[PDB]
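For reference, the structure is listed below as structure tokens.
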Amino acid sequence: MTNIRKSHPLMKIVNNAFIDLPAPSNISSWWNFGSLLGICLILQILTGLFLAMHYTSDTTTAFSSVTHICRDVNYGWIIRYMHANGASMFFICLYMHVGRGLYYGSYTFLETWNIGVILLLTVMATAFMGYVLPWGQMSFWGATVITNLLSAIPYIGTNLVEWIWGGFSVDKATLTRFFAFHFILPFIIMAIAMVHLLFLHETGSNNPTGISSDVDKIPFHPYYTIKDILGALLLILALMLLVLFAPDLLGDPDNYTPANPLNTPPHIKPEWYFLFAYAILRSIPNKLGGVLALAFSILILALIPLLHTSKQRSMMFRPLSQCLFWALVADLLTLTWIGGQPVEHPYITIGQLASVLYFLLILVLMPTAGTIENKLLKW
Amino acid sequence: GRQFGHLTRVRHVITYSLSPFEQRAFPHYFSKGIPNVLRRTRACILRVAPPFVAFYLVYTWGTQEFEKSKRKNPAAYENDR
Amino acid sequence: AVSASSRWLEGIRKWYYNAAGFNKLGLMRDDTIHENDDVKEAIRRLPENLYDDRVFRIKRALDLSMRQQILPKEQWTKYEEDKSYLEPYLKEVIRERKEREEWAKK
Amino acid sequence: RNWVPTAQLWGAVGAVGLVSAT
Amino acid sequence: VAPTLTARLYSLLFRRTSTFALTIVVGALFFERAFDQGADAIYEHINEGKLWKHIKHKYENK
Amino acid sequence: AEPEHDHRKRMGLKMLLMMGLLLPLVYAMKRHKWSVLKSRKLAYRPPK
Amino acid sequence: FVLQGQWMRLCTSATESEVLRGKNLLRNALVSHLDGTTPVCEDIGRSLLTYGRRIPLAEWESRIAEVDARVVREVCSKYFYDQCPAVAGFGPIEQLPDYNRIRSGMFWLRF
Ligand code: HEM
Ligand code: HEM
């Protein structure tokens with residue numbers, strides 16, 4: 001080699017991971033979420049830093065500071081809204097990435113998947129703290145309710161909850177901590193994302209068919225750079241449509257009411273992204289049984305691999321699998337609906353059956369369906 | 001490790017391709033899609049559609065009840081008596 | 001005592017077969033397995049014809065999945081022709097493994 | 001060679017870019 | 001014969017990427033201005049007299 | 001409650017028009033390149 | 001990479017020295033082939049269906065001599081620069097560039 005820019009600098013060779021990388025030809029449009037997933041995280045960061053550049057992390061000011069951001073600071077209003085709606089997109093994308101892992105069995109990539117779960121839980125921590133940042137009625141009561149949930153742990157819990165908060169309630173100390181954690185988390189996240197990339201770069205992508213495509217590879221640059229760009233255009237279009245014409249639409253919580261430490265959230269609930277878990281949680285009478293089964297909703301993901309039963313890592317050729325896959329998605333939809341529901345009979349009995357359904361689908365139904373399909377094919 | 005010349009072995013396969021500039025990006029824009037979009041949607045629909053349909057019934061019923069039981073403030077037990 | 005019941009599974013089997021669309025894509029069951037360690041070895045034991053043939057068919061089918069087009073009704077794999085050509089190869093591979101595992105107890 | 005011409009258009013571009021952009 | 005509008009455009013401006021960039025730089029400029037002018041107008045037409053622009057008359061210089 | 005109500009909706013106008021020019025353009029770009037692959041035809045000729 | 005790269009650098013960066021040497025070479029290839037009776041027959045026969053009846057042999061050196069490096073560079077760009085190459089290979093081609101890569105190999109933004 002001489003004057004082959006890419007290999008010359010060693011650092012620049014490391015970037016050919018986005019150009020000369022063998023990329024499956026056939027490849028649904030559900031493969032852009034990965035790339036979108038990463039634009040999201042840069043978008044937040046950017047935007048964020050800017051918000052952090054005029055935000056104050058105190059009980060007295062926080063709401064004011066937010067409020068100042070979207071009134072007297074130039075373009076501080078979109079940036080903030082862009083930031084808030086950003087985080088809806090980052091989750092919307094997130095669930096698309098996973099739906100695909102589930103469906104095409106990308107999670108066959110044992111190690112890559114694991115880091116995916118880690119990533120997924122790491123964004124969840126960040127979205128849970130930042131919401132607290134503005135210090136609105138919704139944020140103030142959900143932070144209390146969720147961290148106190150933790151006090152379900154028998155021996156420690158209680159002491160714990162207090163250390164997290166840094167007091168007996170959620171006053172200054174608490175708020176200042178979330179700011180710092182919110183801040184550095186995403187930088188920690190970016191390292192992970194990159195380790196995630198690292199492991200996948202050893203095996204390549206999977207595809208609709210569910211068969212090796214080494215016989216059919218394609219240079220990433222020519223194709224997929226255009227595809228990614230277009231997907232980003234579509235991504236940005238959804239974010240701005242929502243930011244510019246439906247600002248809070250998606251932001252269910254109307255609570256732009258500074259948090260008064262003794263009031264009534266009629267129906268307090270995490271934002272959309274966490275309703276599944278919430279629902280899941282209420283269905284249990286006992287509070288410790290709810291937390292464990294709150295944790296398991298999300299962690300279940302780390303066992304999928306070990307639940308895979310078929311010989312076709314691709315659900316694509318497997319109809320009974322497809323049907324339950326979709327169900328669980330609609331079950332999951334149903335669970336999010338419960339999330340905004342009053343605590344009552346109708347919603348309780350429904351949510352209860354939906355939780356059962358949800359673990360049944362992942363724990364027992366699908367696996368059986370796997371074997372059945374394999375027997376039908378005489379495999 | 002090199003990814004491009006070490007992926008696999010292929011023997012006896014000829015492929016024929018043309019340049020972008022001699023070609024058109026959008027051949028039968030709508031006459032291909034329509035029937036392709038139609039044909040795969042109709043093979044999706046059965047597999048896909050159902051569980052969402054069901055969620056909609058559950059939604060509908062489920063909210064009905066609620067508004068009744070609660071709105072029907074007399075529902076549980078009557079007035080006269 | 002299977003005369004009625006196991007002469008009728010062929011009907012669900014047949015129904016299932018074409019239900020899973022690989023059918024349509026020019027592919028064959030053998031060519032749909034998950035490529036793991038046993039399967040790999042097995043594939044590596046295929047004679048040139050057999051093996052070049054799987055390569056062409058996945059080359060045809062992935063071509064199609066890229067373009068979202070199904071092959072012609074004329075040109076589709078027919079259940080009655082179930083070349084389980086990997087099965088032979090695959091079995092031993094497994095057979096050799098199990099032995100190797102078993103010999104390793106004590 | 002062709003560098004002057006090309007460096008001249010490249011210099012133009014940066015110029016108009018700043019001017020406008022900025 | 002003459003070159004299609006495109007071919008003319010092509011051989012005048014796109015052969016050399018230096019010219020191609022230049023073009024883009026200048027069109028990025030010209031385009032902003034018409035877009036805004038047009039787009040703004042459009043918008044302001046839809047809310048006739050709703051916006052201060054339309055209403056500054058009432059309390060202005062007597 | 002929302003001072004930015006008017007700016008915002010004007011912006012929405014400019015973001016919609018713009019995006020109505022970039023979505024169709026960039027789709028083109030995408031078919032320009034891909035065309036090579038989508039137009040491609042195969043042929044298998046064993047010695048066999 | 002190196003090939004197309006030599007094409008490109010030819011239509012944008014030809015140096016008089018370089019063309020000058022390639023000039024001379026041509027002279028020689030085109031004189032030396034004409035040693036012997038059979039070669040000379042061919043030139044004559046073919047030359048009359050090709051270029052018609054002419055025997056441009058002596059003109060050549062004149063024509064060849066008209067080549068200032070600018071001549072060689074503008075001539076070069078008509079055919080090469082942004083033209084769609086026609087490609088053919090016979091495996092193992094697994095590493096043979098994608099058509100789009102070959103193509104963009106015909107212009108010079110970088111590489
Ligand atoms: C990367 C993952 C991130 C997620 C999921 C995320 C999400 C959020 C959410 C949901 C809010 C609440 C805003 C509201 O609804 O009012 C918020 C606020 C905030 N975020 Fe982020 N953010 C992320 C990254 C960052 C980064 C990297 C920074 C700075 C380095 C940052 C700084 C802030 C600040 C200062 C606020 C408070 C002001 C406001 O409410 O807008 N965030 N974030
Ligand atoms: C910060 C969050 C994440 C980022 C930045 C990210 C980024 C990416 C990127 C860029 C790709 C390559 C393109 C693609 O395959 O779509 C990818 C693939 C993948 N991701 Fe992630 N991802 C994230 C979250 C997750 C999560 C939560 C999971 C699972 C829990 C996951 C599992 C996977 C798997 C299994 C693949 C490869 C599947 C295949 O292509 O065969 N990722 N990811």
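Going by what the header records, the deposited coordinates were determined by X-ray crystallography, 3.0 Å.
A Cβ is built for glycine as well, from the same backbone N, Cα and C atoms used for every other residue.
These come from Swiss-Prot:
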- A:33-53: transmembrane segment (TRANSMEM)
- A:77-98: transmembrane segment (TRANSMEM)
- A:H83, A:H182: heme b b562 binding site (BINDING)
- A:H97, A:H196: heme b b566 binding site (BINDING)
- A:113-133: transmembrane segment (TRANSMEM)
- A:178-198: transmembrane segment (TRANSMEM)
- A:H201: ubiquinone binding site (BINDING)
- A:226-246: transmembrane segment (TRANSMEM)
- A:288-308: transmembrane segment (TRANSMEM)
- A:320-340: transmembrane segment (TRANSMEM)
- A:347-367: transmembrane segment (TRANSMEM)
Candidate ranges A:113-133, A:178-198, A:226-246, A:288-308 - greatest C-beta contact count to the transmembrane segment (A:33-53) (under 8 angstroms):
A:178-198
Contact between the transmembrane segment (A:113-133) and the transmembrane segment (A:226-246) is defined here as three or more C-beta pairs under 8 Å separated by at least 6 residues; is that satisfied?
no
Cα of A:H196 (heme b b566 binding site) to Cα of A:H83 (heme b b562 binding site): how many Å, rounded?
24
Based on DSSP, name the secondary structure state of A:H97 (heme b b566 binding site): helix, strand or coil.
helix
Taking A:77-98, A:178-198, A:347-367 as candidates, which has the most Cβ pairs under 8 Å with the transmembrane segment (A:113-133)?
A:178-198
Paired segments the transmembrane segment (A:288-308) and the transmembrane segment (A:178-198) in contact, 3+ CB pairs under 8 A:
no
Under 8 Å between C-beta atoms and at least six residues away from its ends: which parts of the chain pack against the transmembrane segment (A:77-98)?
30, 33-34, 36-37, 40-41, 43-44, 47-48, 50-51, 66, 69-71, 116, 120, 123, 127, 130, 235, 238-240, 242-244, 247, 250-251, 271-273, 301
Enumerate same-chain residues with a sequence separation of six or more from A:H182 (heme b b562 binding site) and a Cβ-Cβ distance below 8 A; give 'none' if the list is empty.
A:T126, A:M129, A:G130, A:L133
Within 10 Å of the Cβ of A:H201 (ubiquinone binding site), how many other Cβ atoms can be counted across all chains shown?
12
Could you round the CA separation between A:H97 (heme b b566 binding site) and the residue listed as 'ubiquinone binding site' to a whole angstrom and send it over?
17
Those binding-site residues, A:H83, A:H182, A:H201: which ones have a Cβ sitting under 6 Å from ligand 2?
none
Between the Cα atoms of A:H201 (ubiquinone binding site) and A:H83 (heme b b562 binding site), what distance do you get, rounded to the nearest Å?
31
